[PDB]
Amino acid sequence: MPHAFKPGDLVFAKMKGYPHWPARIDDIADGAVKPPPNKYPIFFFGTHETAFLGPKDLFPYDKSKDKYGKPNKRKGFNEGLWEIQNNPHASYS
């Protein structure tokens with residue numbers, strides 16, 4: 001049975017105006033800005049942008065990839081699919 005989200009989990013994350021996007025739950029570095037309550041730091045693959053999202057917008061990657069893991073015209077998306085499949089826990093700084 002599911003746990004809560006934790007850092008390192010792989011998801012598709014949904015933002016208004018964008019397709020469900022390959023992403024991970026990030027750690028928060030010592031000294032870095034903390035998310036708002038009930039929000040997680042989401043790192044978006046391909047774009048390498050960060051946003052804060054709640055669980056309602058987080059879809060576990062294994063369950064969801066058949067639906068959401070197809071190429072997309074959007075900028076950074078296909079690079080994002082490579083990253084989440086091939087090195088989802090790398091440093092992309």
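Every number in this text was worked out from the coordinates using simple rules, so none of it is lab data. Here the Cβ is made from the backbone with ideal geometry for all residues, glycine too, and neighbour counts use every protein chain on show.
Order these peptides, 61-71, 79-89, 27-37, by their mean beta-carbon neighbour count within 10 angstrom, highest first.
For the peptides 61-71, 79-89, 27-37, the packing ranking is 79-89, 61-71, 27-37.
With an 8 Å cut-off on Cα pairs and a minimum separation of 6 or more residues, tell me the relative contact order of the chain in percent.
With pairs under 8 Å counted, the relative contact order is 29 percent.
Dipole of the chain, Cα-centred, from +1 at each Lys and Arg C-beta and -1 at each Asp and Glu C-beta, to the nearest 20 debye?
480 debye
Exactly which trypsin sites (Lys or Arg not before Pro) in region 13-57 are in a DSSP loop and have at most 15 other Cβ atoms within 10 Å?
When the trypsin sites (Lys or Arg not before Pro) of region 13-57 are filtered for loop state and at most 15 Cβ neighbours within 10 Å, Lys16, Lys39 remain.
Taking H as built 1.01 Å from N, whose amide H comes closer than 5 Å to the amide H of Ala51, not counting residues under 5 places away?
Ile42, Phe44
Using square roots of five times the C-alpha gyration tensor eigenvalues, list the equivalent-ellipsoid semi-axes of the chain in whole Å, biggest first.
In descending order, the three semi-axes are 20, 15, 13 Å.
Go through region 61-77 residue by residue and turn each phi into a ³J(HN,Hα) via Karplus (6.51, -1.76, 1.60, θ = phi - 60°); whole Hz please, and just put x for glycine and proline.
5, 4, 4, 9, 6, 5, 7, 10, x, 10, x, 9, 5, 5, 4, x, 5
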